[PDB]
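What follows is a single chain, given as structure tokens, in the form deposited in one PDB entry.
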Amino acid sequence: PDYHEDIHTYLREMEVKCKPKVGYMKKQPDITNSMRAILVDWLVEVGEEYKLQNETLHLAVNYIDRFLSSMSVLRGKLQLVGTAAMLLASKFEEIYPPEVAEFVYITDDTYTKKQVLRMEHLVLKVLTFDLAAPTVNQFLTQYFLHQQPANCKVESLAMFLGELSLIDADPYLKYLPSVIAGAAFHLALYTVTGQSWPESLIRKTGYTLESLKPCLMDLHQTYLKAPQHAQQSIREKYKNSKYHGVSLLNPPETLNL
């Protein structure tokens, strides 16, 4: 607890400032939620192939949603936007980012290196170099410190749920990272241990089950329908022993809220 609380407080303020605009997709003349779902799911694959941090994936997705909040993009250029965003998030967050050729290569030469680098400067310009956005992952990690005791299945499952919410702009563009992380932590905790969102996290965050319910009802249906969703790279990723096989766990039939 040196600065854990100054930091939570700051991340709460910055998450409001860093928020994508909830309705941007209707204003997009050419792309859909489904297309964004495809692009996120590819980004998950890419993070797996290059062994990138979960944080780096959450960051890039933030960069994309905020970029698409002010910038109209044709469907054949969406992958370019997502490539630059993942390259930028790697530079921000990784000890060893992949090099720019590695990013060109995985588009399957859809784009040149010049295009990827020109897109990078453009994304920087639109985001005004504001790259230290709060993420669901950053909130979860603080919430984990409130477990009694720590439970790796609970952590990996909360990460798995928080990650699935990246895929589906409807409904998750409408929730803040701290709230999604709230739902995710509780739903993880309940599925594995039977326990609920602790009182100590009510004290810390001011959120209760009641305030979490709307996000939580959505997240529950995502978890239930996960095996049938068109996008499946988070499910496969989280079958790995690194995340304790949690995508293999059974969702609870009801939450008793």
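Residues carry their position along the shown sequence, with the first being 1.
The form deposited with a partner chain bound exists for this protein as well; it is not shown, and the discussion that follows is about that form.
Asker: Though only this chain appears here, would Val192 touch the partner chain in the deposited bound form if you measure heavy atom gaps against 4.5 Å?
Answerer: Close contact is absent here: in the deposited bound form, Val192 is far from the partner chain, nothing within 4.5 Å, heavy atoms only.
Asker: State yes or no: in the deposited bound form, is some non-hydrogen atom of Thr110 no more than 4.5 angstroms from a non-hydrogen atom of the partner chain?
Answerer: Within the cut-off, so yes.
Asker: Is there a heavy atom of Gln79 no more than 4.5 Å from a heavy atom of the partner chain in the deposited bound form?
Answerer: The answer is yes: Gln79 has a heavy atom within 4.5 Å of the partner chain.
Asker: Does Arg75 make contact with the partner chain in the deposited bound form, using a 4.5 Å heavy atom cut-off?
Answerer: Result yes; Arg75 sits at the interface with the partner chain in the deposited bound form.
Asker: Could you spot which one of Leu201, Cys215, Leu57, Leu39 gets a heavy atom to within 4.5 Å of the partner chain in the deposited bound form?
Answerer: Only one listed residue qualifies here, and that residue is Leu39.
Asker: Go through 40-48, 184-192, 221-229, 207-215 and give me the stretch that gets within 4.5 Å of the partner chain in the deposited bound form, heavy atoms only.
Answerer: Result for this chain: 40-48.
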